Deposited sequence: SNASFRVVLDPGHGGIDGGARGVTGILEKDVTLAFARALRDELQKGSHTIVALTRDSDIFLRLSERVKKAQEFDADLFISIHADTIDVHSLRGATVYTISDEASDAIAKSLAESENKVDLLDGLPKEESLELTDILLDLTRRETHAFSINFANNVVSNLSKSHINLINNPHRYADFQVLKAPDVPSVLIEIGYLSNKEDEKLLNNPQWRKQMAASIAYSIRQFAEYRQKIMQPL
């Protein structure tokens, strides 16, 4: 069966996201990275990919989640390259959702990343469900773990404690495993140099694509009892 993946290039349109010292914008880096990851996935077999946006447009976080659900996604990956409070912090990071943040950096990052909805100048927006949520979370965690493992094997630099968590609204799908990947932090000058290198970006995308293939193979082993 074809495994279904939705990629969400963070920011877009009026929301440029973080800005590097060279002028490079997060919204452009995330779209370029998403396109590279799509390409890597499409080189493989049995993965069908869609992007929340494949152009420079603004989308509310809830609309990104809705697109993943409308696609019947098996996995949702939101792609970012943010500024964080400490400029010395650098390296790939994977975040999953949690009410309680793993640490102060993660907490502050989610607070800021959730607020971008307001940039359009418009206002802010069951047991069976809770069980589904728990199952989804197990999958999100599994994927995050695998991504970190394979990035490490590929000698791609990871931040200390590279699996973190906080209350990211873009990760709220109750029924689609979801992670947010910081490919690097535009607040760090060394990460900015990696982020603007398309060959480095391709190498990271290739590692994530491998992780996705492994996750697909795992998911397809699981029973369907309904």
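Annotation: deposited residues 1-2, 128-133 are not represented by C-alpha coordinates in the model.
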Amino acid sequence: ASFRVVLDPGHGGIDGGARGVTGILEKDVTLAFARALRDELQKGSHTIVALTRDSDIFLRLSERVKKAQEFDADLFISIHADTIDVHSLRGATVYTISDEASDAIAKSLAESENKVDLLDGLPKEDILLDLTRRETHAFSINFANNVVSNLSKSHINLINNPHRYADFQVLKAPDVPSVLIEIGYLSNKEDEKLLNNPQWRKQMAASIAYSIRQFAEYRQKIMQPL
From here on, numbers count along this sequence of modelled residues.
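Comparing 126-134 with 89-97, the stretch with the higher mean C-alpha B-factor in the PDB entry is 126-134. Higher mean CA temperature factor between 155-163 and 55-63: 155-163, per the PDB entry. Of the candidates 35, 201, 27, 193, the PDB record gives 193 the highest C-alpha temperature factor. Of the residues listed, 169, 45, 69, 178, the entry assigns the biggest Cα temperature factor to 45. Annotation for residue 111: CA B-factor lies in the highest third of the chain's modelled residues.
When the modelled residues of the chain are ordered by C-alpha B-factor, residue 103 sits in the highest third. Among the modelled residues of its chain, residue 207 has a C-alpha B-factor that falls in the lowest third according to the deposited record. In the deposited entry, the Cα temperature factor of residue 81 sits in the bottom third of values across the chain's modelled residues.
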